[PDB]
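Written below as structure tokens is the structure these notes are about.
Protein chains: 2
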Amino acid sequence: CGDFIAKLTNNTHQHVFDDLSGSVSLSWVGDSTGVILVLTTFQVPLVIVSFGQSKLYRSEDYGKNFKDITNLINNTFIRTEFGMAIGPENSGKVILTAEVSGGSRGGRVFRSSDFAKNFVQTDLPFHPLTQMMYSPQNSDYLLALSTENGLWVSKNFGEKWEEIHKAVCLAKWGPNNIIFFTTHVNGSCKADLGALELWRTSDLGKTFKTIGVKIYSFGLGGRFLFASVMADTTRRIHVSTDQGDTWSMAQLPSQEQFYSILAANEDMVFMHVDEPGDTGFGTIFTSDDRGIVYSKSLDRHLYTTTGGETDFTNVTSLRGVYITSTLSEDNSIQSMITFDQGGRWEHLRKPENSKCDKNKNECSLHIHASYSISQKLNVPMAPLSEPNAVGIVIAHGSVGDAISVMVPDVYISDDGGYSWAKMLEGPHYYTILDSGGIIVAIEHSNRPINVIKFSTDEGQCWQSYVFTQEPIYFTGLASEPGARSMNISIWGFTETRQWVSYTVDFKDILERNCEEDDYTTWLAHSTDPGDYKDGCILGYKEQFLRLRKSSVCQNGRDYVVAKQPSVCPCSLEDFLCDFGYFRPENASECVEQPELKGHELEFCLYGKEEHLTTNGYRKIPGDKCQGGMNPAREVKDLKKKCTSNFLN
Amino acid sequence: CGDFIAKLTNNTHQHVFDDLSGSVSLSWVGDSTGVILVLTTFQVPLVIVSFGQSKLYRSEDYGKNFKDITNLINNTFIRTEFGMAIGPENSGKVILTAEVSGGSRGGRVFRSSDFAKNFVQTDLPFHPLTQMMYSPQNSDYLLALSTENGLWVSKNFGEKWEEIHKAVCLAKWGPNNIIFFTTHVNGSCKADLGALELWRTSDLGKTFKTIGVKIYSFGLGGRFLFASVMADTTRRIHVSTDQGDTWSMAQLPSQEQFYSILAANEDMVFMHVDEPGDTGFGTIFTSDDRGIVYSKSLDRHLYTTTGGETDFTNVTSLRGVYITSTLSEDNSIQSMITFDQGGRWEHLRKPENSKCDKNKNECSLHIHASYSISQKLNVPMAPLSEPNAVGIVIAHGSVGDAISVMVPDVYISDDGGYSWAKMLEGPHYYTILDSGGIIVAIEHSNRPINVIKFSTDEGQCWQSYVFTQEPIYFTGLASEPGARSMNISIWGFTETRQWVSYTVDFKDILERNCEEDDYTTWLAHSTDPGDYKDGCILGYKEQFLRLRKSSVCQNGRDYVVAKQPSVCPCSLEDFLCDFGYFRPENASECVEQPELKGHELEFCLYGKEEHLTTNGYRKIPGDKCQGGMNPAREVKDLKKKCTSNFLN
Ligand SMILES: *[C@@H]1O[C@H](CO)[C@@H](O[C@@H]2O[C@H](CO)[C@@H](O[C@@H]3O[C@H](CO)[C@@H](O)[C@H](O)[C@@H]3O)[C@H](O)[C@H]2NC(C)=O)[C@H](O)[C@H]1NC(C)=O
Ligand SMILES: *[C@@H]1O[C@H](CO)[C@@H](O[C@@H]2O[C@H](CO)[C@@H](O[C@@H]3O[C@H](CO)[C@@H](O)[C@H](O)[C@@H]3O)[C@H](O)[C@H]2NC(C)=O)[C@H](O)[C@H]1NC(C)=O
Ligand SMILES: *[C@@H]1O[C@H](CO)[C@@H](O[C@@H]2O[C@H](CO)[C@@H](O[C@@H]3O[C@H](CO)[C@@H](O)[C@H](O)[C@@H]3O)[C@H](O)[C@H]2NC(C)=O)[C@H](O)[C@H]1NC(C)=O
Ligand SMILES: *[C@@H]1O[C@H](CO)[C@@H](O[C@@H]2O[C@H](CO)[C@@H](O[C@@H]3O[C@H](CO)[C@@H](O)[C@H](O)[C@@H]3O)[C@H](O)[C@H]2NC(C)=O)[C@H](O)[C@H]1NC(C)=O
Ligand SMILES: *[C@@H]1O[C@H](CO)[C@@H](O)[C@H](O)[C@H]1NC(C)=O
Ligand SMILES: *[C@@H]1O[C@H](CO)[C@@H](O)[C@H](O)[C@H]1NC(C)=O
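Here the protein sequences come in this chain order: A and B. Numbers 84 to 85, 89 to 318, 321 to 342, 345 to 447, 451 to 588, 592 to 744, taken from full-length UniProt numbering, label the letters of the first sequence in order. Numbers 84 to 85, 89 to 318, 321 to 342, 345 to 447, 451 to 588, 592 to 744, taken from full-length UniProt numbering, label the letters of the second sequence in order.
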């Protein structure tokens with residue numbers, strides 16, 4: 084790689103908080119408002135009334151000075167489990183949900199509509215079981231669940247509440263202020279698992295519509311509405329794209347299996363299926379634009395026995411990139427990555443400049462996510478990435494040795510995960526701001542720390558800055574919202593403990609705007625060899641930018657050239673495997689599954705028996721390729737009517 | 084209350103361990119053998135083959151010096167989940183279960199029959215899924231479950247392994263070397279919940295017997311065998329006292347409720363039943379000497395929604411004493427204690443000399462146990478008691494303030510939980526040795542520590558001793574086994593971390609034997625007023641001893657006078673409430689349940705319809721009172737045969 091102190095010392099702002107008990111929370115509120123709220127919270131069970139008092143501080147000068155405003159919430163306290171209830175980014179809505187320290191017949195909330203500058207008190211006609219839920223369509227609409235399983239809505243932002251149903255088990259918002267929720271009759275929700283009923287409301291609670299029966303669970307994802315249904321006993325999954333008017337059971341090749351949705355968009359659906367026997371690993375399947383017909387996409391996917399957590403991450407810094415973790419035939423764990431939205435996975439390339447090279454399964458990079466947390470491994474954070482920071486991925490990774498599993502390191506990718514480099518030794522808390530101009534990490538240890546590690550050139554070069562002469566036990570790291578933000582907030586405590597917050601500003605470090613000479617063009621990776629598809633991602637070609645090495649300048653432009661997307665010709669990577677086909681390890685072409693050979697491929701689609709005839713290729717939902725490779729397929733109707741639905 | 091340093095500094099033995107990875111475990115092996123093992127373990131998923139090496143140190147001088155014996159276990163490693171497998175106290179058996187560092191087709195064990203002084207290496211014909219399991223009747227027999235759900239046994243202390251059944255979900259030893267397990271057929275055990283089968287072997291695996299069908303789960307306790315059965321769907325609990333030859337369904341007063351067993355011994359059985367509605371509280375029922383006929387004992391019993399953990403605790407330091415935590419009418423958590431084996435519960439007396447006196454529910458002592466851990470409160474250890482140390486109880490407690498909940502304190506009872514006293518500020522790890530003569534505790538914090546707190550007068554006076562000028566981060570505290578043990582072991586590390597263990601010996605502190613002038617007589621508490629039953633516990637009267645205040649002497653005698661138990665006359669406290677009756681709050685007499693008044697009390701006992709007629713009193717199983725109060729009851733047979741069994 085290859089003065090910076092005075093730039094940060096003049097912009098390091100400290101503030102000490104005295105006599106704080108319990109857990110300490112800190113949240114910037116909105117973009118470029120200077121509002122930071124610090125909140126004391128306490129771990130108290132939900133059905134218990136306890137005596138306690140939450141301290142509440144508000145800054146309006148970007149972490150310089152804080153004003154105690156606890157008088158606003160006198161005689162109340164905030165559960166850690168709840169915390170704050172911030173709304174959308176530019177909505178200025180902030181709710182604080184609390185309980186009356188003496189106890190009351192109802193909860194008490196503090197609603198702000200001006201980025202926490204002025205609050206009004208409103209007492210609740212119930213005890214809230216779960217936090218407030220904003221409608222994504224309308225910040226003024228709110229709902230939450232009572233401790234008596236009652237569903238409460240407000241049309242005027244928590245001022246006037248109305249109870250709309252009394253037997254509710256779960257409730258989640260939908261598009262256009264539609265609310266879905268399960269209900270029952272006999273006893274408890276835990277008792278009537280498999281006999282619930284799924285309802286829908288288009289009128290905030292005026293009218294209802296029962297969309298389903300014999301329900302075990304439900305959930306949302308992208309343009310899909312999911313519901314697990316029990317026929318008696322066995323359990324099967326159904327999907328609807330029309331907010332529950334019409335359903336169809338999901339169709340898989342190859345009983346008594348357990349299902350799990352991994353993600354979903356406006357395009358497709360990732361579903362994981364445990365291998366019979368509950369062996370510890372399963373199979374991922376991918377759906378079409380309707381989310382009905384599923385095909386094998388990745389074998390031997392690890393999941394935690396208790397919980398089902400998986401290393402599956404949606405890499406936000408590159409479209410159509412997902413990384414997960416799988417079990418090799420030698421029973422060594424491997425990180426897999428797809429660049430074509432689950433069309434074809436590839437082993438994660440070992441990191442350059444780290445020649446481990451003994452055993453072959455050894456020295457492979459494993460990236461740590463939700464499975465690795467679940468196995469109680471020393472991983473402070475999941476893989477982090479921001480949409481604005483194209484190509485930048487930061488995560489925790491390990492070599493094939495049990496010593497490196499106990500002490501993971503921080504790796505950085507600049508190309509959506511194609512190439513990796515160990516950048517920090519040992520675990521760290523990281524965050525991304527400035528649209529990727531600034532990368533800040535902070536060591537995670539049992540000893541007090543006082544070292545900020547940051548990076549201005551997309552993680553390629555790092556530098557350390559001691560922000561205080563008094564090391565503090567680390568507690569939290571918050572970044573200011575905004576694409577061009579340069580303000581962070583670190584808080585912790587000393588040793592009766594004394595909390596303290598430092599607001600560091602990178603204004604004087606990044607004062608010069610970057611010119612075109614500080615950027616360097618680079619294309620995304622394409623699994624298909626040759627230049628003819630170099631940079632093609634689901635049929636679109638886009639050129640990218642990147643900060644040079646040791647670049648210390650403020651970016652004002654987006655990393656996409658925004659010239660024009662040129663359409664690429666269709667190739668293998670632009671197609672998923674069809675129903676009954678899969679791609680074997682390291683392989684590029686799809687082949688029929690062994691157990692289905694010589695048998696007629698049949699499935700059931702919206703109460704119809706359908707016969708499939710393919711070359712084994714299905715266009716990727718969302719792929720925009722044209723011309724080139726064009727594998728055919730046909731879906732003809734049959735005679736039988738079949739039964740593809742277990743609800744009405 | 085009202089020199090001690092030289093007595094401990096000369097007896098503090100430090101040993102430094104260099105270059106250790108992973109978790110560190112430390113254990114004494116046997117009574118007065120001076121064998122201490124130290125083991126390195128690693129957090130690796132069970133299904134993964136990883137490369138690793140577990141370090142292993144033996145001391146045979148009670149902690150003074152340790153010999154690295156890792157070469158005994160070269161090229162293997164031990165999982166943290168497995169740790170050691172120590173047999174019975176005086177058996178001398180030690181197993182070390184490990185996996186081959188490269189991966190293998192079996193595990194590999196290291197067996198020792200001589201208090202860990204010599205080990206033999208044996209390879210397993212299977213990957214162990216669960217740790218080894220000794221038979222309580224014969225320490226030579228072991229058994230274990232393989233990763234392929236294979237049940238394996240050994241009649242010759244893990245030397246020769248034999249697979250006796252291949253579809254085993256769970257298996258558990260029994261009296262006289264009998265083995266219980268569950269089997270299935272279709273798919274996984276997770277898929278055959280409610281369709282399992284319960285089997286039994288008296289011949290270590292030669293002969294089998296299917297004792298129950300349609301099984302959900304099962305367990306052992308005291309002289310009872312339990313088994314949750316599914317009817318279709322609904323779930324009911326069955327009990328058998330004859331190792332599974334004849335069963336009966338449990339009989340409760342007052345559908346689709348969730349059952350749980352709390353404890354059970356050679357006399358009676360404690361059951362918890364979630365209130366319909368999964369409201370976060372339930373109701374405790376006790377049985378008779380046959381484990382069938384249940385009767386309300388404590389209402390509004392708190393349980394954790396996810397997992398069902400409760401605060402129930404068996405004060406093994408006093409016969410007939412148990413403590414748990416209930417939800418008052420004021421939604422405040424309260425500790426409730428019984429001194430008559432669940433016959434009549436009483437609020438836990440607030441501590442003296444701590445005149446908190451604001452609110453009535455406030456200043457109530459809440460004792461933290463399993464429910465409080467489930468709720469993730471800052472509680473390092475549960476209540477601790479030793480049957481050798483009569484009356485001694487130590488645990489973690491709180492006032493009704495949310496601040497005090499966050500930082501619990503440690504309280505002490507010398508009278509079996511009748512009276513309590515705040516003795517230490519803040520959470521601590523604590524432990525008991527010398528049969529109550531020495532009580533040691535260690536601060537629980539983020540900062541490294543170097544201070545031991547100990548007490549030589551059964552918790553009444555305390556004293557600190559700084560055992561090292563090099564503070565260390567705390568990890569573990571172990572005592573030497575024995576009735577008169579005086580050696581402890583403290584281990585932790587500095588900051592690449594460096595582990596270190598200190599063996600402190602209280603020989604020079606307790607050199608003078610206690611005479612009779614150092615003891616003071618005291619009787620146990622009896623709920624019934626008056627002296628005529630003062631000291632009566634389930635019909636037996638026994639006088640107790642106690643060390644005076646500020647007593648620093650070595651006890652050589654047991655705290656029970658062992659004169660002779662005099663039988664007490666029967667009173668209320670010596671009777672449980674009958675079927676359909678209960679004792680209300682603060683109340684002494686049993687009354688019929690409201691919903692059963694005017695209705696004929698009927699239940700079903702071993703396929704018989706039985707009609708009950710009582711005054712509402714049932715002799716306590718194990719109560720030895722004679723004469724005095726004698727409430728009658730009658731159980732007459734009827735005409736109907738009824739159906740009290742779902743397993744054939
Ligand atoms: C990131 O941090 C910088 C601080 O280095 C923030 O800049 C601060 O912006 C406020 C806006 O209120 C400045 O206060 C005043 O704004 C009024 C607007 O009428 C203006 O007339 C005054 O002259 C003054 O600028 C504040 O001075 C400025 N900070 C410093 C240290 O000067 C910035 O807003 C933060 N967040 C981002 C970039 O979103
Ligand atoms: C998986 O991650 C990718 C990026 O990692 C996510 O892709 C992003 O999806 C969102 C919503 O589909 C897109 O937002 C867009 O907002 C504009 C605002 O005007 C709107 O007009 C568009 O209709 C769309 O909603 C976003 O552009 C897109 N990212 C990129 C790079 O294009 C994806 O949603 C994540 N989850 C999946 C695939 O389920
Ligand atoms: C832990 O406590 C024990 C007592 O509970 C201390 O006892 C030590 O025991 C050993 C024997 O294992 C004594 O050594 C000798 O035993 C032989 C017989 O084999 C005998 O002929 C000798 O006369 C002698 O007794 C040793 O003396 C004894 N230690 C002391 C200080 O007397 C043990 O020392 C305690 N742990 C620590 C770390 O001090
Ligand atoms: C609460 O703790 C007490 C501690 O005593 C539990 O144990 C019961 O204790 C007595 C005395 O130790 C046991 O005596 C038995 O002695 C015979 C021979 O004299 C022996 O064969 C037995 O194996 C046993 O040691 C009694 O059986 C024991 N209960 C059990 C589980 O065996 C009491 O069980 C605990 N609370 C409950 C109600 O579970
Ligand atoms: C696939 O390629 C990887 C290296 O990229 C190699 O370790 C593995 O053995 C190959 N597997 C097969 C089945 O070809
Ligand atoms: C029971 O006694 C406790 C104090 O031991 C008291 O606080 C409570 O109000 C009493 N309740 C009833 C119903 O008598």
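Note that the Cβ used here is the ideal one computed from N, Cα and C, for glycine as well.
- Looking at the DSSP output, B:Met426 bridges to B:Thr414 and B:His437.
- From the beta-carbon of B:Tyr566, the residues of chain A found nearer than 8 Å are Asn539.
- Distance between A:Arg309 and A:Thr623, taken at the CA atoms: about 28 Å.
- The beta carbon of A:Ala257 sits no closer than 9 Å to any beta carbon of chain B.
- Between the alpha carbons of A:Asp209 and A:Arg194 lies a gap of roughly 4 Å.
- When the beta-carbon positions are compared, A:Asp614 and A:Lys93 stay at least 9 Å from each other.
- For B:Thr599, the shortest C-beta to heavy atom distance toward ligand 3 is below 8 Å.
- When the Cα atoms are used, B:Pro473 and B:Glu167 turn out to be separated by approximately 19 Å.
- A:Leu142 and A:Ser548 have their C-alpha atoms some 33 Å from each other.
- Where B:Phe312 is concerned, there is no enclosing alpha helix (DSSP H), although the beta strand (DSSP E) around it starts and stops at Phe310 to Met316.
- If you draw a 10 Å sphere on the C-beta of A:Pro625, you find fewer than 16 other C-beta atoms in it, and that means exposed.
- For A:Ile351, there is no enclosing alpha helix (DSSP H); the residue is found in the beta strand (DSSP E) stretching over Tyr349 to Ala354.
- Per DSSP, A:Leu94 lies in no beta strand (DSSP E) segment; the continuous alpha helix (DSSP H) that holds it begins and ends at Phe90 to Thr95.
- One finds nothing in chain B with a Cβ atom closer than 8 Å to the Cβ of A:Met316; even the nearest lies about 10 Å away.
- Scanning the region 649–735 of chain B from its first residue to its last, the whole beta strand (DSSP E) runs of 3-plus residues come out as 671–673, 698–700, 705–710, 713–715 and 729–733.
- If you measure from each CB to the nearest heavy atom of ligand 6, the residues under 5 Å come out as B:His437, B:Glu681 and B:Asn682.
- Beta-bridge pairing by DSSP links A:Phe304 to A:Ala313.
- One finds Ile134 in chain A with Cβ atoms closer than 7 Å to the Cβ of B:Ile423, taken in chain order.
- Within the region 395–427 of chain B, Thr395, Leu417, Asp420, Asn421, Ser422 and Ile423 place their CB atoms closer than 9 Å to a CB of chain A, listed in sequence order.
- Collapsing the DSSP output to three states places A:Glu167 in coil.
- The beta carbon of B:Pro441 does not come within 9 Å of any beta carbon belonging to chain A, so the residue lies off that interface.
- Within the region 472–501 of chain B, contact with chain A at the beta-carbon level (separation under 7 Å) is assigned to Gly493, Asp494, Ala495, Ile496, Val498 and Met499.
- In this structure, A:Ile583 and A:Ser597 form a Cβ contact; the two beta carbons are roughly 7 Å apart against a cut-off of 8 Å.
- Using a cutoff of 8 Å, the CB of B:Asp147 counts as near ligand 3, since one of the ligand's heavy atoms is closer than that.
- Taking C-beta atoms as the reference points, A:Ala488 and A:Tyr504 count as a pair closer than 9 Å.
- Using beta-carbon distances, A:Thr369 counts as an interface residue toward chain B, with a partner under 9 Å.
- Residues of chain B with a Cβ closer than 8 Å to the Cβ of A:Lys469 are, in chain order, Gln129.
- Listed in chain order, the positions of the region 268–292 of chain B with a beta carbon within less than 9 Å of a beta carbon of chain A are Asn272, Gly273, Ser274, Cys275, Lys276, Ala277, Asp278 and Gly280.
- Put simply, the region 390–409 of chain B touches the region 457–470 of chain B. At least three CB pairs are less than 8 Å apart.
- Chain-ordered, the residues whose CB falls short of 5 Å from any heavy atom of ligand 2 come out as A:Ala353, A:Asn355, A:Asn404, A:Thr406 and A:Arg409.
- Counting only Cβ-Cβ distances below 7 Å, A:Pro366 has contacts in chain B at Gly273 and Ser274, in chain order.
- Between A:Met579 and A:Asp550, the C-beta spacing is not below 9 Å.
- By the rule that beta-carbons nearer than 9 Å mark a contact, B:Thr321 touches chain A.
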